[PDB]
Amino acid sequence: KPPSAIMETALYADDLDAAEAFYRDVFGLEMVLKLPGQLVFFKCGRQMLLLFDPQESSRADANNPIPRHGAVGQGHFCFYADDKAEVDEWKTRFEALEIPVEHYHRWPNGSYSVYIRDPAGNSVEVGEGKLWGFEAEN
């Protein structure tokens, strides 16, 4: 029996406030945990989007047994969309916010994706489940 799902996705942002506002507003994500200058954790359906300041998640506290991590550079992750329409709605919401649409892509099977950057430069995508054969929610 392999794992049934991915519960947490980690991204790193040196400016946590700019990242906290980006996801809170652009995507309306619920914020669950927040420790100033350290991290901001959002919930998305049954998954968690974890944003860490790479410098702190990297720091070794003697009483914190939690394994350390931290990456440098531009990350990537994709939000799920139910169809081209949801993808289109998101693309429009980005235009309405002055957020550049780095890319809009139609895949061989005819599915779509939209691409943007969060304040840290991470590649944030929105794609319909069709990209990987995930039947619509139902």
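The numbering used is simple: start at 1 and walk along the sequence shown.
In this entry, 17-25 shows the higher mean Cα temperature factor of the pair 17-25 and 118-126. Note on 36-44 vs 58-66: mean CA B-factor is higher in 58-66. Sort the chain's modelled residues by C-alpha temperature factor and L49 lands in the lowest third, per the entry. The deposited CA B-factor of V87 belongs to the middle third of values across its chain.
In the deposited entry, the Cα temperature factor of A136 places it in the highest third of its chain's modelled residues. Ranked within its chain, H76 lands in the lowest third, by CA B factor from the PDB record. In the deposited entry, the Cα temperature factor of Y112 sits in the bottom third of values across the chain's modelled residues.
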